[PDB]
Amino acid sequence: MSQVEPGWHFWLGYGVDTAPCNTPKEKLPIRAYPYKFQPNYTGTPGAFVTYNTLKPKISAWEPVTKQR
Amino acid sequence: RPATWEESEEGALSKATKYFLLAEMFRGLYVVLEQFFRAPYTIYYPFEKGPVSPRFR
Ligand SMILES: CCCCCCCCCCCCCCCCCC(=O)OC[C@H](COP(=O)(O)OCCN)OC(=O)CCCCCCCCCCCCCCCCC
């Protein structure tokens with residue numbers, strides 16, 4: 001079921017009367033990026049790997065010696 | 001006041017007929033059998049999909 005593209009997913013569930021290919025231009029989303037459809041990759045090497053998008057809150061000193 | 005047996009409209013033979021021949025049980029079986037000839041409700045997920053609304057979360 002995750003292979004069904006968004007829009008068609010809504011139509012198949014009787015969300016909208018008119019199908020995506022029949023939807024006028026004014027009611028389509030404008031994108032400034034390329035559109036790519038990807039299904040559920042769970043149980044597969046392509047499964048989502050989560051991570052922290054922040055570097056650590058406290059930064060340590062870079063140790064530097066000085067001569068007396 | 002609850003009525004006694006002697007003040008019953010139905011004769012004992014009609015009551016015994018209902019008792020031994022399971023009249024209401026047969027009515028129930030017939031009601032079940034009528035369903036057997038009606039359209040079922042099942043949909044073939046994931047080839048078909050149940051209703052979804054714009055507010056769905
Ligand atoms: C009029 C003169 C008659 C002369 C004599 C009669 C000749 C024999 C008649 C043949 C049938 C006799 C066998 C059935 C008698 C059932 C009597 C009965 O109702 O049993 C009741 C019993 C509880 O006992 P009781 O105290 O007497 O009830 C008072 C409740 N306040 O509680 C019970 O056991 C409930 C009844 C049991 C029903 C069993 C159901 C299992 C499957 C049902 C089969 C239906 C047919 C299936 C085939 C599909 C249809 C094509």
Side-chain angles (χ1 to χ4, degrees):
Chain A
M1 180 48 87
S2 69
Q3 288 149 7
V4 179
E5 177 193 20
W8 286 108
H9 173 279
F10 207 55
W11 178 88
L12 187 63
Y14 307 89
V16 282
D17 274 355
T18 165
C21 37
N22 293 33
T23 61
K25 260 38 136 163
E26 278 132 0
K27 299 191 179 186
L28 285 208
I30 322 179
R31 300 185 152 94
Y33 54 92
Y35 179 69
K36 55 143 149 196
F37 173 61
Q38 292 171 278
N40 193 343
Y41 296 134
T42 201
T44 258
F48 169 55
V49 180
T50 204
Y51 53 89
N52 185 0
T53 57
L54 308 173
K55 71 222 280 163
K57 322 268 182 67
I58 304 309
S59 98
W61 177 58
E62 169 32 60
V64 166
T65 72
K66 187 177 177 183
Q67 285 281 4
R68 332 200 181 137
Chain B
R1 185 150 185 179
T4 69
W5 71 269
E6 97 167 28
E7 50 187 337
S8 89
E9 49 154 4
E10 294 166 330
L13 198 47
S14 287
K15 287 214 305 295
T17 307
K18 281 150 136 132
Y19 170 84
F20 282 108
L21 298 170
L22 321 172
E24 97 281 13
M25 306 213 75
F26 274 114
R27 199 177 157 114
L29 280 156
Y30 196 73
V31 164
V32 164
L33 181 62
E34 280 209 77
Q35 305 281 92
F36 184 81
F37 299 91
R38 286 183 187 170
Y41 292 109
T42 317
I43 74 181
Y44 289 63
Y45 186 86
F47 304 91
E48 299 158 342
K49 198 177 165 44
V52 77
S53 96
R55 294 173 193 192
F56 179 81
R57 313 193 302 256

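By convention in this document, chain letters (A, B, ...) are assigned in the order of the sequence lines, proteins followed by strands, and residues within each chain are numbered from 1. Values below: all heavy atoms of this structure, side chains included; hydrogens, waters and symmetry mates excluded.
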Item to complete: Verify, without hydrogens or angle tests, whether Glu34(B) (side chain) and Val31(B) (backbone) share a donor-acceptor contact under 3.5 angstrom.
Response: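 No; judged by distance alone, with no hydrogens or angles, the pair does not exist.
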Discussion item. Could you check whether any side-chain N or O of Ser53(B) sits under 3.5 Å from a backbone N or O of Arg55(B), counting only pairs where one atom can act as donor and the other as acceptor?
Written reply: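 Side chain of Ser53(B) to backbone of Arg55(B): a pair is present.
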For [X], is the [atom1] atom crowded, meaning more than 12 foreign heavy atoms sit under 6.0 Å from it?
X: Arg27(B); atom1: CZ; result: no
X: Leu54(A); atom1: CG; result: yes
X: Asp17(A); atom1: CG; result: no
X: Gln3(A); atom1: CD; result: no

Discussion item. For a quick test of reading the model, state the closest non-hydrogen atom pair linking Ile43(B) to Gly50(B) and the distance between them.
Written reply: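 In this case the closest contact between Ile43(B) and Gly50(B) is CD1-N, 3.6 Å.
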Practice prompt. State, to 0.1 Å, how close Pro39(A) and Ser2(A) come at their nearest heavy-atom pair, and which atoms those are.
Written response: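 That closest heavy-atom pairing would be CB-O, 3.5 Å.
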Discussion item. In this structure, would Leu13(B) and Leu21(B) fall into the same cluster of hydrophobic residues linked by side-chain contacts under 4.5 Å?
Written reply: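 Per the 4.5 Å side-chain linkage, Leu13(B) and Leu21(B) are not co-clustered.
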Fill in: Residue pairs involving residues 3-59 of chain A (criterion ring-ring contact (aromatic ring centres under 6.0 Å, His included); sequence neighbours excluded)
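Listed once each, the pairs are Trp8(A)-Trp11(A).
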Fill in: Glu9(B) side, atom CD; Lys15(B) side, atom NZ - distance, nearest 0.5 Å
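Here the rounded value is 9.5 Å.
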Item to complete: Determine, stepwise, if the pair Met1(A) / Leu12(A) fulfils side chain to side chain contact (heavy atoms under 4.5 Å, CB included).
Response: CA-CA 11 Å; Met1(A) 180 48 87; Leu12(A) 187 63; 4.2 Å; yes
